[PDB]
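Visitor:
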Amino acid sequence: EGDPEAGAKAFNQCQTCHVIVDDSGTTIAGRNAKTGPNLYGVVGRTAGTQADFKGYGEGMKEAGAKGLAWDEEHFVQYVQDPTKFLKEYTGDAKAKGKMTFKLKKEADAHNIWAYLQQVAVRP
Ligand code: HEC
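Residue 62 in PDB author numbering sits at position 61 of the sequence shown, with consecutive numbering throughout.
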């Protein structure tokens, strides 16, 4: 279990590419980055299915087609090394992630998740 407060601060790194904008258009976190998908509603979301994002890689779509819904266990392994995670999960030797960024600290991964659990759950 992470700490939502430390998570919100560490989310600053993710803001270079991601935003968290709700369904009414309110910006919860971030500026205007569109390199990565909107993370609002990511908790429990089938991987690679945010309807507005058109930049998903084959590995990510394939992972969601094989039953990956984001929960803490997979999220933590994923942000630490996206490509390695995609290959393991899919069993596809050619899978590779578009997210070139890698989170270097494990404690941060849990913190950011606690923060997402707070502000990114769609009812
Ligand atoms: C730009 C260089 C990025 C940074 C910095 C971070 N992310 Fe990212 N993310 C980016 C892309 C281009 C993608 C698509 C990946 C693909 O292979 O298709 C993603 C995706 C995610 C996901 C998947 C969500 C989904 O809709 O299925 C997650 C959960 C995610 N990113 C989280 C995340 C976090 C928490 C970051 C900060 C530590 C982070 N990303 C940074 C691009 C970039």
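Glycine is no exception: its CB is placed at the ideal position from the N, C-alpha and C atoms.
Just the C-alpha distance for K105 and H111, rounded to the nearest angstrom, thanks.
Guide: Taking the first residue of the sequence shown as position 1, residue 105 is located at position 104. Taking the first residue of the sequence shown as position 1, residue 111 is located at position 110. So the two alpha carbons sit approximately 12 Å from each other.
Visitor: Could I get the ranges of all uninterrupted alpha helix (DSSP H) runs contained in the stretch 20-96, with 4 residues as the minimum, in chain order?
Guide: Correct list: 59-66, 73-81 and 83-91.
Visitor: Out of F102, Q119 and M61, which has the shortest C-alpha to C-alpha gap to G92?
Guide: As a first step, residue 92 must be located in the sequence shown, where it is residue number 91. Nearest C-alpha to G92: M61.
Visitor: What's the C-alpha gap between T28 and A70?
Guide: Within the sequence shown, residue 28 is the residue found at index 27, counting from 1. Within the sequence shown, residue 70 is the residue found at index 69, counting from 1. C-alpha separation (whole angstroms): 24 Å.
Visitor: Determine the direct distance from the alpha carbon of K95 to that of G68, and round the result to whole angstroms.
Guide: Counting from one through the sequence shown, the residue named residue 68 turns up at place 67. Counting from one through the sequence shown, the residue named residue 95 turns up at place 94. The alpha-carbon atoms of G68 and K95 are separated by roughly 18 Å.
Visitor: Would a C-beta distance cut-off of 8 Å place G58 and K99 closer than the cut-off?
Guide: By 1-based counting over the sequence shown, the position of residue 58 is 57. By 1-based counting over the sequence shown, the position of residue 99 is 98. Contact: yes.
Visitor: Just to check, is the beta-carbon of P38 closer than 7 Å to a non-hydrogen atom of ligand 1?
Guide: Along the sequence shown, read from residue 1 onward, the residue named residue 38 stands at position 37. Checking the Cβ of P38 against ligand 1 gives yes.
Visitor: Could you check what DSSP says for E2 in three-state terms: helix, strand or coil?
Guide: Counted from its first residue, the sequence shown places residue 2 at position 1. If DSSP states are grouped into helix, strand and coil, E2 belongs with coil.
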